$ cat start31.pdb   # PDB, C-alpha atoms
MODEL        1
ATOM      1  CA  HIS J   1     227.161  92.688 133.923
ATOM      2  CA  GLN J   2     227.211  95.186 131.136
ATOM      3  CA  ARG J   3     226.604  98.904 131.536
ATOM      4  CA  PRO J   4     225.593 100.815 128.400
ATOM      5  CA  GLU J   5     226.360 104.498 128.265
ATOM      6  CA  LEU J   6     223.441 106.873 128.625
ATOM      7  CA  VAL J   7     223.034 109.231 125.708
ATOM      8  CA  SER J   8     220.984 112.198 127.074
ATOM      9  CA  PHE J   9     218.038 111.761 124.679
ATOM     10  CA  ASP J  10     217.303 115.480 124.241
ATOM     11  CA  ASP J  11     220.639 116.237 122.531
ATOM     12  CA  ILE J  12     221.276 114.378 119.239
ATOM     13  CA  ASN J  13     218.931 115.749 116.452
ATOM     14  CA  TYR J  14     216.943 112.558 115.637
ATOM     15  CA  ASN J  15     218.464 111.014 112.520
ATOM     16  CA  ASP J  16     221.437 109.046 113.860
ATOM     17  CA  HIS J  17     219.009 106.301 114.743
ATOM     18  CA  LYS J  18     221.425 104.057 116.632
ATOM     19  CA  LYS J  19     222.005 106.912 119.055
ATOM     20  CA  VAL J  20     218.244 107.437 119.341
ATOM     21  CA  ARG J  21     217.692 103.780 120.205
ATOM     22  CA  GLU J  22     220.544 103.851 122.683
ATOM     23  CA  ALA J  23     219.055 106.985 124.222
ATOM     24  CA  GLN J  24     215.638 105.438 124.705
ATOM     25  CA  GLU J  25     217.264 102.203 125.921
ATOM     26  CA  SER J  26     219.213 104.221 128.474
ATOM     27  CA  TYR J  27     216.191 106.237 129.553
ATOM     28  CA  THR J  28     214.207 103.054 130.123
ATOM     29  CA  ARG J  29     217.120 101.611 132.088
ATOM     30  CA  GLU J  30     217.127 104.709 134.290
ATOM     31  CA  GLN J  31     213.400 104.164 134.840
ATOM     32  CA  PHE J  32     214.080 100.610 135.980
ATOM     33  CA  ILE J  33     216.887 101.793 138.263
ATOM     34  CA  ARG J  34     214.574 104.130 140.151
ATOM     35  CA  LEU J  35     212.042 101.294 140.187
ATOM     36  CA  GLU J  36     214.561  98.942 141.781
ATOM     37  CA  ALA J  37     215.285 101.660 144.321
ATOM     38  CA  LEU J  38     211.570 101.627 145.135
ATOM     39  CA  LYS J  39     211.785  97.852 145.536
ATOM     40  CA  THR J  40     214.667  98.415 147.956
ATOM     41  CA  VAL J  41     212.412 100.796 149.892
ATOM     42  CA  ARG J  42     209.656  98.197 150.166
ATOM     43  CA  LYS J  43     212.043  95.435 151.218
ATOM     44  CA  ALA J  44     213.316  97.739 153.939
ATOM     45  CA  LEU J  45     209.792  98.658 155.014
ATOM     46  CA  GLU J  46     208.689  95.062 155.497
ATOM     47  CA  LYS J  47     211.720  94.360 157.683
ATOM     48  CA  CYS J  48     211.065  97.487 159.758
ATOM     49  CA  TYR J  49     207.480  96.365 160.203
ATOM     50  CA  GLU J  50     208.119  92.760 161.174
ATOM     51  CA  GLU J  51     210.816  93.900 163.568
ATOM     52  CA  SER J  52     208.566  96.610 164.985
ATOM     53  CA  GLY J  53     205.610  94.545 166.135
ATOM     54  CA  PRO J  54     203.298  97.399 167.112
ATOM     55  CA  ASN J  55     206.007 100.034 166.651
ATOM     56  CA  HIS J  56     204.847 101.941 163.596
ATOM     57  CA  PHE J  57     205.672 105.399 164.919
ATOM     58  CA  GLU J  58     209.082 104.273 166.136
ATOM     59  CA  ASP J  59     211.566 104.203 163.252
ATOM     60  CA  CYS J  60     209.154 102.959 160.571
ATOM     61  CA  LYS J  61     207.539 106.317 159.803
ATOM     62  CA  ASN J  62     210.555 107.816 158.052
ATOM     63  CA  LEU J  63     210.564 104.969 155.567
ATOM     64  CA  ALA J  64     206.882 105.553 154.843
ATOM     65  CA  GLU J  65     207.466 109.289 154.311
ATOM     66  CA  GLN J  66     209.699 108.926 151.270
ATOM     67  CA  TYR J  67     207.880 105.706 150.362
ATOM     68  CA  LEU J  68     204.612 107.483 149.683
ATOM     69  CA  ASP J  69     206.683 110.283 148.230
ATOM     70  CA  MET J  70     208.472 107.996 145.769
ATOM     71  CA  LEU J  71     205.448 105.938 144.751
ATOM     72  CA  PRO J  72     203.582 108.559 142.606
ATOM     73  CA  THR J  73     206.924 109.052 140.881
ATOM     74  CA  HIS J  74     209.342 106.511 139.344
ATOM     75  CA  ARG J  75     206.813 104.764 137.103
ATOM     76  CA  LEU J  76     206.734 105.673 133.397
ATOM     77  CA  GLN J  77     209.086 106.690 130.610
ATOM     78  CA  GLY J  78     206.961 108.047 127.711
ATOM     79  CA  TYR J  79     208.707 110.495 125.412
ATOM     80  CA  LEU J  80     210.370 113.818 126.120
ATOM     81  CA  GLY J  81     207.844 115.932 124.239
ATOM     82  CA  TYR J  82     208.880 118.486 121.669
ATOM     83  CA  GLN J  83     207.364 121.769 122.873
ATOM     84  CA  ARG J  84     204.559 121.140 125.458
ATOM     85  CA  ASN J  85     202.479 123.878 123.875
ATOM     86  CA  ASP J  86     199.092 122.472 124.905
ATOM     87  CA  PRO J  87     198.735 121.261 128.481
ATOM     88  CA  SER J  88     195.779 119.325 129.848
ATOM     89  CA  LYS J  89     195.249 117.288 133.048
TER      90      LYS J  89
ATOM     91  CA  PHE X   1     198.325 101.788 191.942
ATOM     92  CA  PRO X   2     199.810 102.578 188.528
ATOM     93  CA  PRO X   3     203.477 102.674 189.472
ATOM     94  CA  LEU X   4     205.149 104.224 186.474
ATOM     95  CA  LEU X   5     204.974 105.519 182.924
ATOM     96  CA  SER X   6     208.164 104.456 181.167
ATOM     97  CA  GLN X   7     208.669 104.801 177.483
ATOM     98  CA  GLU X   8     211.728 102.949 176.207
ATOM     99  CA  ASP X   9     211.080 100.003 178.493
ATOM    100  CA  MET X  10     207.485 100.369 177.296
ATOM    101  CA  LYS X  11     208.850  99.912 173.790
ATOM    102  CA  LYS X  12     211.232  97.041 174.599
ATOM    103  CA  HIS X  13     208.477  95.354 176.519
ATOM    104  CA  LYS X  14     206.952  95.178 173.076
ATOM    105  CA  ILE X  15     203.421  96.254 173.900
ATOM    106  CA  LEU X  16     200.795  97.923 171.758
ATOM    107  CA  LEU X  17     198.644 101.026 171.929
ATOM    108  CA  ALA X  18     195.477 100.807 174.099
ATOM    109  CA  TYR X  19     197.562  98.556 176.213
ATOM    110  CA  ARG X  20     199.935 101.538 176.316
ATOM    111  CA  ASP X  21     197.910 103.238 179.024
ATOM    112  CA  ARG X  22     198.339 103.633 182.718
ATOM    113  CA  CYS X  23     198.819 100.334 184.588
ATOM    114  CA  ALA X  24     200.834  99.314 181.516
ATOM    115  CA  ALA X  25     203.893  97.984 183.350
ATOM    116  CA  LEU X  26     201.767  95.331 185.048
ATOM    117  CA  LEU X  27     201.517  93.514 181.723
ATOM    118  CA  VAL X  28     205.238  92.857 182.168
ATOM    119  CA  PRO X  29     204.577  90.300 184.943
ATOM    120  CA  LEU X  30     201.584  89.075 182.937
ATOM    121  CA  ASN X  31     202.939  88.169 179.493
ATOM    122  CA  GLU X  32     206.166  86.846 181.002
ATOM    123  CA  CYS X  33     203.794  84.494 182.767
ATOM    124  CA  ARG X  34     201.910  83.718 179.566
ATOM    125  CA  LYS X  35     204.902  82.615 177.522
ATOM    126  CA  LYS X  36     206.724  80.840 180.325
ATOM    127  CA  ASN X  37     203.360  79.242 180.955
ATOM    128  CA  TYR X  38     200.977  78.418 178.121
ATOM    129  CA  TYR X  39     198.407  81.200 178.808
ATOM    130  CA  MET X  40     195.809  78.749 180.083
ATOM    131  CA  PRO X  41     193.439  79.830 182.879
ATOM    132  CA  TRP X  42     195.458  77.775 185.323
ATOM    133  CA  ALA X  43     198.474  79.936 184.559
ATOM    134  CA  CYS X  44     198.545  82.984 186.859
ATOM    135  CA  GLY X  45     195.660  83.535 189.256
ATOM    136  CA  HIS X  46     197.330  86.170 191.429
ATOM    137  CA  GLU X  47     199.308  87.936 188.715
ATOM    138  CA  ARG X  48     196.359  88.451 186.392
ATOM    139  CA  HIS X  49     194.258  89.718 189.295
ATOM    140  CA  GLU X  50     196.849  92.372 190.189
ATOM    141  CA  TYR X  51     196.657  94.036 186.768
ATOM    142  CA  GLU X  52     192.899  93.494 186.763
ATOM    143  CA  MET X  53     192.478  95.418 190.017
ATOM    144  CA  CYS X  54     194.677  98.216 188.655
ATOM    145  CA  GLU X  55     192.287  98.395 185.691
ATOM    146  CA  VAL X  56     189.396  98.550 188.183
ATOM    147  CA  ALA X  57     191.015 101.597 189.802
ATOM    148  CA  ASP X  58     191.246 103.276 186.393
ATOM    149  CA  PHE X  59     187.580 102.461 185.793
ATOM    150  CA  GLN X  60     186.509 104.083 189.046
ATOM    151  CA  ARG X  61     188.465 107.285 188.445
ATOM    152  CA  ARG X  62     186.795 107.393 185.019
ATOM    153  CA  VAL X  63     183.441 107.109 186.819
ATOM    154  CA  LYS X  64     184.455 110.091 188.956
ATOM    155  CA  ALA X  65     185.232 112.055 185.785
ATOM    156  CA  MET X  66     181.764 111.123 184.479
ATOM    157  CA  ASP X  67     180.266 112.445 187.726
ATOM    158  CA  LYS X  68     182.116 115.736 187.237
ATOM    159  CA  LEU X  69     181.005 116.176 183.623
ATOM    160  CA  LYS X  70     177.337 115.459 184.328
ATOM    161  CA  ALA X  71     177.405 117.800 187.338
ATOM    162  CA  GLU X  72     178.867 120.632 185.252
ATOM    163  CA  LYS X  73     176.359 120.191 182.429
ATOM    164  CA  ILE X  74     173.399 120.105 184.825
ATOM    165  CA  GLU X  75     174.651 123.225 186.620
ATOM    166  CA  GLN X  76     175.026 125.034 183.279
ATOM    167  CA  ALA X  77     171.463 123.986 182.405
ATOM    168  CA  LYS X  78     170.433 125.492 185.750
ATOM    169  CA  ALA X  79     172.303 128.762 185.212
ATOM    170  CA  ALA X  80     171.076 129.304 181.645
ATOM    171  CA  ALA X  81     167.553 130.247 182.803
ATOM    172  CA  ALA X  82     168.545 133.476 184.604
TER     173      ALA X  82
ENDMDL
END
$ encode --input "start31.pdb" --output "structure tokens"
Amino acid sequence: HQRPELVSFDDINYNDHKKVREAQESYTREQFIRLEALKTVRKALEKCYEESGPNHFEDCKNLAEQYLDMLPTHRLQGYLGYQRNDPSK
Amino acid sequence: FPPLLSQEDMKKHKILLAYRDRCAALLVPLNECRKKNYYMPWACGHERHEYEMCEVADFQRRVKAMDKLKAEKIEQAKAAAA
């Protein structure tokens, strides 16, 4: 059902706390959307595999390309940091 | 003799790598035996032996390649002394 409007978290000056909560709610929803896209990728990959038999290189590679591209991304939300003055790692 | 090297038939005849060699098409009479039969040893005496003898031919040409490689290395070991 319902579709809350995303707020663009970096734009609202951090006192209007309902907007801040709706921003972090929306950002976490966007995280879950890219996650569910990754789930779509895996459900496609299993069907390609069990149709393929031994046919990895035929038509199942190009799933695995953006699969192992998308997997180190699309995981966490954290917080959009203020200034990023000190990097590490 | 290995008759052919197809590729899309060799995909639709859903066979795997290291069976995807030469003499590969002769699995097509074999497995079509094995599922129409029940892949017992009293399933296909002739048809298994056909593919088996093709594999024997591949083995012997590999032995000839081994002969060539050993001959070249021994002749290099001869020539290196002068």
$ axis_aligned_box --input "start31.pdb" --around "stretch 6-16 of chain X" --padding-each-side "4 Å" --output "lines of an AutoDock Vina configuration file"
center_x = 206.3
center_y = 100.0
center_z = 176.5
size_x = 18.9
size_y = 17.6
size_z = 17.4
$ resolve_selection --input "start31.pdb" --expression "the ChimeraX specification (/X :<10) & /J" --output "list in words"
residues 52, 53, 54, 55, 56 and 58 of chain J
$ atom_distance --input "start31.pdb" --atom1 "atom CA of residue X:6" --atom2 "atom CA of residue X:68"
29.0 Å
$ atom_distance --input "start31.pdb" --atom1 "atom CA of residue X:65" --atom2 "atom CA of residue X:24"
20.6 Å
$ closest_residue --input "start31.pdb" --among "X:81, X:66, X:74, X:26" --to "residue X:13" --atoms "all atoms listed in the file"
X:26
$ resolve_selection --input "start31.pdb" --expression "the PyMOL selection byres ((chain J and resi 73-77) around 6)" --output "mmCIF file with C-alpha atoms, in the frame of the given file"
data_model
loop_
_atom_site.group_PDB
_atom_site.id
_atom_site.type_symbol
_atom_site.label_atom_id
_atom_site.label_comp_id
_atom_site.auth_asym_id
_atom_site.auth_seq_id
_atom_site.Cartn_x
_atom_site.Cartn_y
_atom_site.Cartn_z
ATOM 1 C CA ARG J 34 214.574 104.130 140.151
ATOM 2 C CA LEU J 35 212.042 101.294 140.187
ATOM 3 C CA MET J 70 208.472 107.996 145.769
ATOM 4 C CA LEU J 71 205.448 105.938 144.751
ATOM 5 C CA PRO J 72 203.582 108.559 142.606
ATOM 6 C CA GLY J 78 206.961 108.047 127.711
#
$ resolve_selection --input "start31.pdb" --expression "the PyMOL selection byres ((chain J and resi 25) around 12)" --output "PyMOL selection string"
chain J and resi 3-9+18-24+26-32+77-79
$ atom_distance --input "start31.pdb" --atom1 "atom CA of residue J:14" --atom2 "atom CA of residue J:85"
20.1 Å
